[PDB]
Amino acid sequence: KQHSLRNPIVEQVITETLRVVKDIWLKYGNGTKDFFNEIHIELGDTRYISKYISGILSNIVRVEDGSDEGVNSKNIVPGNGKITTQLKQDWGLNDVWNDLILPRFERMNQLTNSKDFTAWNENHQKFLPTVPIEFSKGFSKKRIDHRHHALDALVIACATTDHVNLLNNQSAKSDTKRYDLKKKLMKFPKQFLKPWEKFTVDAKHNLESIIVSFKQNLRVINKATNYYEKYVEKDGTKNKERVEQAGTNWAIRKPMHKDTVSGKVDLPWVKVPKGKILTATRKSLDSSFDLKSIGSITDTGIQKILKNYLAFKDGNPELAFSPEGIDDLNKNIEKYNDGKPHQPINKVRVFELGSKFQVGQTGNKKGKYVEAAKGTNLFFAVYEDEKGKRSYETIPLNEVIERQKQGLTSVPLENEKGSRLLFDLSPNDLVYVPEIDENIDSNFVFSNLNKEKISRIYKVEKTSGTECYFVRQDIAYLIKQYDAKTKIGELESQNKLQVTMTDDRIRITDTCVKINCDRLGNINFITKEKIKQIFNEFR
Amino acid sequence: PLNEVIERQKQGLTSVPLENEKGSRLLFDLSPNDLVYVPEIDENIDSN
Amino acid sequence: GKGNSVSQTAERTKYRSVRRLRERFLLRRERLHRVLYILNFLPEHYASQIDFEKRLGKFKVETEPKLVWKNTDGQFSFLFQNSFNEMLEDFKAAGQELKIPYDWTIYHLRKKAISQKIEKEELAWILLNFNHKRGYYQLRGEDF
Amino acid sequence: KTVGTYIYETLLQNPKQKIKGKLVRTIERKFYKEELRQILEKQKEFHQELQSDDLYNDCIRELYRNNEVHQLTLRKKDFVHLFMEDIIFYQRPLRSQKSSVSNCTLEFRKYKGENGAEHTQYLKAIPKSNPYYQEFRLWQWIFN
Amino acid sequence: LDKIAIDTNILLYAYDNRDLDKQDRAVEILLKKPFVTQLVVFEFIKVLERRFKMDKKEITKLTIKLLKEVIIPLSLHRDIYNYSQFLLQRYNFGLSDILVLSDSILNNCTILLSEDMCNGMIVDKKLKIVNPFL
Amino acid sequence: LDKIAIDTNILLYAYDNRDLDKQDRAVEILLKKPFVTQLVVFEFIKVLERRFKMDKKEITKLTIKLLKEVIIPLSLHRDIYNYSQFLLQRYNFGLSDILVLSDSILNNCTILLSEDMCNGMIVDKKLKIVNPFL
RNA sequence: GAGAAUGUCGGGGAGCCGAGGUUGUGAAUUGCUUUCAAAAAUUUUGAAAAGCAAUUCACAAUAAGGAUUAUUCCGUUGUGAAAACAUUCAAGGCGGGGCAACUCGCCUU
DNA sequence: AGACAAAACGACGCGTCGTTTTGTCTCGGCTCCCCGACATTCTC
Ligand SMILES: [Mg+2]
Ligand SMILES: [Mg+2]
């Protein structure tokens, strides 16, 4: 049931954890009994999950013999950050993590033409990732990725109950009593024994071969039930009862547009490019009104009086347009209007040139012009013409709503030029960007995804017009964001690129191929058996 | 130009493609010595 | 970590409440139209273009009527000429101006309604105005 | 004096005054109620439509066709109560949260629905101020 | 490099069971995402309604699924009728077959697959017909 | 003022002389350049080739002549399958007729003309079926 | 570890209302620009229209839309292919409360 | 040879992908349900 926990965040986390556990059960053990011998749990406010998920998951790994009784199964072994960090340092997970993340740091070094982002060492005789102190506000080398989560999960899983007991109750009161665990788990007390000989190499191989699955919310329309009180004639008597609404009525599950509403204006003294219009909105006349912004005020006489005043104050809007300055202007409007009388001014209609759409078509709604809301450009169409060139478009939420209401596909399957649609992209999608030499037209065969193949996987982040921005799927946070002062950043000003990060710097949208993964990050592609089942399920 | 006219007429097709690359439906073809009517600025000749 | 309306459900609830208040104000207005039309208080120009049969009390579609501006051959005229004249008489007695907005007559009528006879249309305008501006009120009461 | 006449006076003395949102933003509902009352009683002696009980019953029936009980209730009132206490200043009470009250873990009830299945209705928990829970609690304290 | 088109026969053998070998070879032929005409889908619908008496809803669901995923529809060329009449003078085929070859040819297809229609016969020295089940 | 379309019925009653009055109706239905669906032309070809057993050459000539001079073919719409499936939940016609109506609607047609489609009826508040022979 | 009882600190959900703001209509006043449009010495004054406005008032809308005439609503939430749900949901009886509608308890399936 | 094909051509406007920069609805009251955490006491 919804709203059964502290807050939506932990509820979503727990629900997705359950879903992922079910998926792994089906994929790796076919849902049979006691397929999970043991489960280890860790969190790393959030403590609300440490006990609820353990209690819920006790139902799978519990033993009915009567030995395992209590609030939680004895097989569930929560840990602590001490064990995970000590194992990571001892077993070399930290070293492989730095080797995995370092190329981002060399890219930052090259982009800033310095050497301060990599530090050489001689105890390891290699370069370690690093950041300058003035870019070290809250930088963390683990946090800037997504697969660290999986790395933590791995280092937790191999940690047995003996390890957590040893590292939580190290106080022995006698060396001999705990010396058995010392000899069994640690090499001689210096370093712990690996779970197996090839642990580090296998962990490297997996970590460099993980694709991250991103949950998507493409809800545009859904069905809504309307119950309303009404007097109904039954058995010759009128009774008040609830009635369900007749006909069809959809509920939009996204904010259709932005709150601010503007009105259309036509100004002879400005040139309007085709496909764009001028919209004017009222705004307070305040200290941020300089010559360029004063020239963006729709009234010409207000512009005349206002520039006269600004000249009178030595061209300083801060002194001119303080509340005291505005009052002085209002009291003495004659000595800036060439001596002509005029009403006071506190708010003015500033105009902007761009693409704003009508909110509706009834009454006076046809005069309200709004802008698309945040996070509502959800579909990005990629088409091809018979010759071979790719065309791009972004369909607004209005056409998505109308198309989905008429039972059609969200994106038109052909553009106005007749170009056939490759496919549509949404935020959190995954695409493969092939090399410049590869010719991916009927590739498929997505079973042999190696490190080079997986490193060329990009996730959509946002779209606008014909532009689509991508981030490598393994990137969570940038090493350094963008600031208008230094004008530097990991992925330039937008913190996301329309091209690859690698040296070729190729348009991602011109060669990318959309892919589909499941909750477990396993690629999904057409196969014979699948083709058979398409219409076996109809057979 | 005359080239694609040649292979179109050789393939038994019409002289001019009946739709352009944009998919716009062909109104008609004009040849030297053809005749057209140019309606007034106010007239609306759509199915006259 | 600190907590500031961190739920999309709360935002949906806020929009729902705003909408609900809006339609309840509209419903009040509709019922006022119905009652005043029964009482024969609305003027013919206004009342001719509210639906009273299928859409009970709603305006006819694609129409924005004003109770006070009568539209004849595309021109707009004010209907309470005499109360406007009395209000301008009051201002000139106070000696301020002789040129004021027509829609200032409502407050003159509201003062006049306390102790004088006003025509019915003004009274309907006043009731609709009161429906517009209701005022703060605590449901419990509990005088302290 | 009434808030409408006060606003009219302030507009008389300062004709550049901003009323909406500047002069009066929010005031107790008692002012609007009292002003609209005084207006309606004063206009009542002069307009005969406010005395015709035929018209009053017509408004009653139109507004409450399917609720004869409410018609019977309002057949005793007049236009004053119908305008203020019914239409304009009608504020609904809070929806009941009784349905959201928790249930005891012990007492159950079983019944068979129209589907032929047998399902259980819960029993709502006791309010704490109930004297009987008072007895339970303080006997528990006596033993403790 | 070649543009593979297909006919109603490949889909019909794919759907049916009693011809396990034919159904198999049909389903591998569908793996290469072969192009299809709008005609071929139309006779697919017709034969599903006549031969197989399937209800309309399931038929439309299946055709939408296949057009989305497995087969790639091709646009209905506007010169299909003149070009189909062109092959009429030189070729001895049913007029529906002449239309399917006309639209396959006008869409730059090089190889067509089917049991019928004169295996191994090149049409206007630009399209071939291959029986793949053999 | 309204994009009027037609179906195979108008063409078929136009073709035959057995009923002079219906033939006439049909021919004055064609004088106004009524729009037409490609599926209508396909069904017309099918009925000429099947019922009437006419030669391929002359029916192809007639089709080309009519499309060049008489009726305006409408480009086949890519959303015809999904839209026809959508109309399928609320309506119960032969699926061929549902595709005809779907393609007529998707091309912005206002009035459709036919016989066996329950004249006067409104299809998704966009297009109405009219029997003109009455 | 569980249950119950008493206090402290938080979070979530639902509900009854209020005041602005914005866009548009109408009006009162005053402006900038352009054109008509005359007078006068390319320039200045005058009548009209349009475009953009500013101060004040009345009004219309305030997610596009769809119900319904109950003093009722659904539309920014979650699940997921069923475009299907969840977030109201049985029957009685024995009672308390009001001008009553309606509201609040107890008992048996 | 003369008259068609097409390249200049002087125009402005446009548009250029690449990139950065700019903008983005707001506060007020109150009621009433549920859960969570940490405090104390008693019992299994
Ligand atoms: Mg065939
Ligand atoms: Mg038919």
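A quick note on method: Cβ atoms are made from the backbone with ideal geometry, for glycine too, and the neighbour counts reach across all protein chains shown. Read the figures in this text as sums done on the coordinates, not as results from a lab.
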Notebook entry, point to check: Can you tell me which residues in segment D:19-31 are more than 14 Å from residue C:107 (Cβ to Cβ) and either of a type outside the set (A, V, I, L, M, F, W, C) or more than 8 Å from chain C (Cβ to nearest Cβ) (or both)?
Noted result: D:21, D:22, D:25, D:26, D:28, D:29, D:30
Note to self: Given the criterion of a type in the set (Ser, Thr, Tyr) and surrounded by 13 or more Cβ atoms within 10 Å (Cβ to Cβ), identify the matching residue among A:67, A:73, A:4.
What the structure shows: A:73
Next item on the list: Return yes when residue D:9 is within 15 Å of residue C:108 (Cα to Cα) and more than 7 Å from chain C (Cβ to nearest Cβ) and no when it is not.
Entry: yes
Next item on the list: Report yes if residue A:297 is farther than 11 Å from residue A:350 by Cβ and either among the aliphatic types (A, V, I, L, M) or surrounded by 11 or more Cβ atoms within 10 Å (Cβ to Cβ) (or both), otherwise no.
Entry: no
Checklist line | Enumeration of residues in segment C:51-96 that are away from chain D (no Cβ under 14 Å), under 24 Å from residue C:126 (Cβ atoms) and among the hydroxyl-bearing types (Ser, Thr, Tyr) | finding: C:63, C:77
Notebook entry, point to check: Only one of (1) under 19 Å from residue D:31 (Cα atoms); (2) within 12 Å of RNA strand G (Cβ to nearest atom); (3) surrounded by fewer than 17 Cβ atoms within 10 Å (Cβ to Cβ) is not met by residue C:129, so which one is it?
Noted result: (3)
Next item on the list: Would you mind finding the one in A:76, A:39, A:9, A:14 that is out of contact with any helix residue (DSSP H, G or I) (no Cβ under 8 Å at 6 or more places or on another chain) and either more than 17 Å from residue A:164 (Cβ to Cβ) or not small (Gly, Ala, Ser) (or both)?
Entry: A:9
Check: Are there any helices (runs of 4 or more DSSP H) wholly within segment E:1-119 with 1 or more residues that are within 26 Å of residue A:418 (Cβ to Cβ), of a type in the set (A, V, I, L, M, F, W, C) and within 14 Å of chain B (Cβ to nearest Cβ), and if so which?
Finding: E:80-90, E:95-106
Item checked: segment C:101-144: number of residues that are within 14 Å of the chain's Cα centre (by Cα) and among the polar types (S, T, N, Q) -> 3
Margin query: Of the conditions (1) over 30 Å from residue E:68 (Cβ atoms); (2) among the hydrophobic types (A, V, I, L, M, F, W, C); (3) in a helix (DSSP H, G or I), residue A:531 satisfies every one except a single condition; which number is it?
Written below: (1)
Notebook entry, point to check: Of all residues in segment A:237-262 being of a type in the set (D, E, K, R) and more than 14 Å from chain D (Cβ to nearest Cβ), which is nearest to the chain's Cα centre (by Cα)?
Noted result: A:254
Check: Are there any pairs with C-beta distances below 7 angstrom linking a residue in segment E:85-109 that is farther than 21 Å from residue F:62 by Cβ to a residue that is within 16 Å of ligand 1 (Cβ to nearest atom) and outside any helix (DSSP H, G or I), with the two at least 6 apart or on different chains, and if so which?
Finding: E:104/E:5; E:104/E:37; E:104/E:112; E:104/E:127; E:105/E:123; E:105/E:127; E:109/E:5; E:109/E:127
Notebook entry, point to check: Is it fair to say residue A:470 is within 14 Å of chain E (Cβ to nearest Cβ) and either crowded, with 16+ Cβ neighbours inside 10 Å or within 16 Å of ligand 1 (Cβ to nearest atom) (or both)?
Noted result: no
Next item on the list: Taking only segment E:88-120 into account, find how many residues are more than 14 Å from ligand 1 (Cβ to nearest atom) and in contact with an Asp or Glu (Cβ under 9 Å, 6 or more places away or on another chain).
Entry: 8
Notebook entry, point to check: Residues F:80, F:59, F:129, F:45: which one is surrounded by 15 or more Cβ atoms within 10 Å (Cβ to Cβ) and within 16 Å of ligand 1 (Cβ to nearest atom)?
Noted result: F:45
Checklist line | Unique residue being out of contact with any strand residue (DSSP E or B) (no Cβ under 7 Å at 6 or more places or on another chain) and more than 16 Å from ligand 2 (Cβ to nearest atom) when the list is F:128, F:33, F:46, F:68 | finding: F:68
Check: For segment A:140-248, which helices (runs of 4 or more DSSP H) that fit wholly inside it have 2 or more residues that are loosely packed, with under 10 Cβ neighbours inside 10 Å?
Finding: A:175-185
Check: Would you call residue C:117 under 30 Å from residue C:30 (Cβ atoms) and either in a helix (DSSP H, G or I) or of a type in the set (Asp, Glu) (or both)?
Finding: no
Notebook entry, point to check: Going by the conditions given, is residue E:71 β-branched (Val, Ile, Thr) and over 26 Å from residue F:47 (Cα atoms)?
Noted result: yes
Checklist line | Of all residues making up segment A:110-127, the number that are touching a helix residue (DSSP H, G or I) at 6+ places or on another chain (Cβ under 8 Å) and crowded, with 16+ Cβ neighbours inside 10 Å | finding: 3
